[PDB]
Amino acid sequence: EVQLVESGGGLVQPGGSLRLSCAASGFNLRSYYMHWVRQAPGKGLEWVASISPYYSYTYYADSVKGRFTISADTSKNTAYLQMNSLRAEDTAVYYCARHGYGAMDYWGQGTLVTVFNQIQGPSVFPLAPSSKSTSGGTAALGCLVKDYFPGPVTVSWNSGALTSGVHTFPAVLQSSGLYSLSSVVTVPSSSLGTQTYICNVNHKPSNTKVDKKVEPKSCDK
Amino acid sequence: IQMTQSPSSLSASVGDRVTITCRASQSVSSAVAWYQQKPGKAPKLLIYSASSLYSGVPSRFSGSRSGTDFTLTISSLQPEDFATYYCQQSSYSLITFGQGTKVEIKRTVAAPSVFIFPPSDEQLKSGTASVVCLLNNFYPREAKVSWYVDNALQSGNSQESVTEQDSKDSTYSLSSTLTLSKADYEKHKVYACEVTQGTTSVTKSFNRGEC
Ligand SMILES: [Cl-]
Ligand SMILES: [Cl-]
Ligand SMILES: [Cl-]
């Protein structure tokens, strides 16, 4: 079966080097053009590089010239993208795809390249329901996950039992270089004394788990 | 060669006829393709050579070229076809894509539920105070969020994030976060989130050290 399995992705420092692999099975690789196209989170499709099947004449996008190097090896039937002089603009999922009928038919699953200076685990803060969070029989509560780097953090509520009403927002880049996101849920107001609400924050690059029971704001007077 | 794609977004109904166009910056002959992508999955080849159907793709799909105008059309939009679409040109050697056409679901207008969240006392230990305003399940996407500290309109110290369309009610939800210094937060008192969306304006407020 024609399979395009990618590997090599991971965290990498700026002006550094990482090698992605595009393992081709089924077909011969040196018989079709091969391309790398990438996609920065929440952005469009950007072509990165191509390698010709005969005599391995390579061509790259203006943005990557001289920094990225594409290569192939028929022994392993895999193409490589050697990335050098890595920038933060290079953070993206990198796909490999085969050329067929003037376009691109088969694709890899895509491996993530995460540029980073240093790893920062998250601080998690409660977004507590109160009278300023209660409208039309509905109370809102959530979890603020702040100052982590890099992505992703994943958020669940009550270990996945609580799924309806949930909104986990895309992470945003604060002017500090650290990421930040919130995960909220709307629940019936009456439930606030009937059910506990726990957000489960997972940040694999710092091996941090946090579990935050979100409770109504206690009134001081 | 710039593949300029239009529109960036549009909302139609199931059974609507839908047309997406892509205009090449210089003649690319007919060396053009169309892809569909659904979140967290690789693109699927839809049309190759401007007009020819890739084998296996549904027949409501089709493309066409007039000069440097390349068009994609779904004659009767099906639920599976709600996605983002991309054109591509492959002339000579440098490949370029379109910016994207998000095809979203039409639904009736809806005002947001507006909730406001003071900073937690745990956070103040770090010297920064975050105020979060939540706009819940509204349609369509367009919304202005303004932040007021002691009646003084803020700028530069807020950021916004929007969800994609909800898988059930096809609404959007937005959050805004205002970031202040601990000291700046503890000197002022009244914190307000003003929301304008559609023909609706909502202000939610609290006074520091309330409840
Ligand atoms: Cl960093
Ligand atoms: Cl995606
Ligand atoms: Cl308060």
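Computed from heavy atoms alone, side chains included, the values below leave out hydrogens, waters and symmetry copies. We name chains A, B, ... by the order of the sequence lines, and we start the count at 1 in each one.
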Might you work through the side chain to side chain contact (heavy atoms under 4.5 Å, CB included) test for B:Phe117 and A:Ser133, ending with a clear yes or no?
CA-CA 7 Å; B:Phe117 293 96; A:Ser133 287; 3.2 Å; yes
Counting C-beta onward and ignoring hydrogens, is there a side-chain heavy-atom pair between B:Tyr35 and A:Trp107 closer than 4.5 Å?
yes
Toward chain A, the part of B:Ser173 with a non-hydrogen atom under 4.5 Å:
both
Which answer fits B:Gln123, side chain, backbone, both or neither, if we ask what part of it has an atom under 4.5 Å from a heavy atom of chain A?
both
Could you walk me through whether B:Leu45 and A:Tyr106 pass side chain to side chain contact (heavy atoms under 4.5 Å, CB included), step by step?
CA-CA 8 Å; B:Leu45 182 56; A:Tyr106 267 88; over 6 Å; no
Scan the side chains in residues 137-153 of chain A for donor-acceptor partners under 3.5 Å anywhere in the protein, sequence neighbours excluded, and list what turns up.
residue: A:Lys146; atom: NZ; partner: A:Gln174; partner atom: OE1; Å: 3.1
residue: A:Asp147; atom: OD1; partner: A:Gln174; partner atom: NE2; Å: 2.9

Any side-chain heavy atom of A:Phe169 sitting closer than 4.5 Å to one from B:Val162?
no
Distance from A:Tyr33 atom OH to B:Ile95 atom CD1, nearest 0.5 Å?
8.5 Å
Which portion of B:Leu134 sits near chain A, non-hydrogen atoms under 4.5 angstrom
side chain
If you count heavy-atom pairs under 4.5 Å with chain B, which of A:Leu173, A:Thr168, A:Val37, A:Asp62 comes out on top?
A:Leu173
Is there a salt bridge (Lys or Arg N to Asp or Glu O under 4.0 Å) between A:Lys212 and B:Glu122? Walk through the geometry before answering.
CA-CA 12 Å; A:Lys212 174 63 73 142; B:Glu122 299 132 71; 2.5 Å; yes
All pairs passing salt bridge (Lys or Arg N to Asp or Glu O under 4.0 Å) where residues 46-66 of chain B contributes a residue, at least two apart
B:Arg60-B:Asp81
How long is the gap from CD on B:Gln159 to OG on A:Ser175, to the nearest 0.5 Å?
7.0 Å
Say you draw a straight line from CD of B:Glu210 to OG of A:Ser131; how long is it, rounded to the nearest 0.5 Å?
9.5 Å
Are A:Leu45 and B:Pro43 packed together at the side-chain level, in the sense that at least one heavy-atom pair is separated by less than 4.5 angstrom?
yes
With rounding to the nearest 0.5 angstrom, report the CD to OH distance, A:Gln39 to B:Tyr86.
5.0 Å
dist A:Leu181:CG -> B:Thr177:OG1 (nearest 0.5 Å) comes out at 9.5 Å
Check: A:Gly102 main-chain N/O paired with B:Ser90 side-chain donor or acceptor under 3.5 Å
yes
Does any backbone or side-chain atom of B:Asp169 lie under 4.5 Å from a heavy atom of chain A? Answer side chain, backbone, both or neither.
neither
Side chain to side chain, B:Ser161 and A:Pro170, heavy atoms closer than 4.5 Å
yes
Pairwise side-chain contact, A:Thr186 with B:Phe115, heavy-atom cut-off 4.5 Å (strictly under)
yes
Show the numbers, then the answer: is there a side chain to side chain donor-acceptor pair (under 3.5 Å) between B:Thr163 and A:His167?
CA-CA 7 Å; B:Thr163 65; A:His167 285 311; 4.6 Å; no
Evaluate the criterion side chain to side chain contact (heavy atoms under 4.5 Å, CB included) for residue pair B:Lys168 and A:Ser164; output intermediate values, then yes/no.
CA-CA 10 Å; B:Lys168 316 232 188 234; A:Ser164 181; over 6 Å; no
Among B:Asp166, B:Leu174, B:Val132, residue most engaged with chain A (heavy-atom pairs, under 4.5 Å)
B:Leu174
Using every non-hydrogen atom in the two residues, find where B:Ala33 and A:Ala103 come nearest and quote the distance to one decimal.
CB-CB, 3.5 Å
Toward chain A, the part of B:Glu160 with a non-hydrogen atom under 4.5 Å:
backbone
Are more than 12 heavy atoms, taken from residues, nucleotides or ligands other than B:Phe82, located less than 6.0 Å from that residue's CZ atom?
yes
So which part of B:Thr128 gets closer than 4.5 Å to some heavy atom of chain A, the side chain, the backbone, both or neither?
side chain
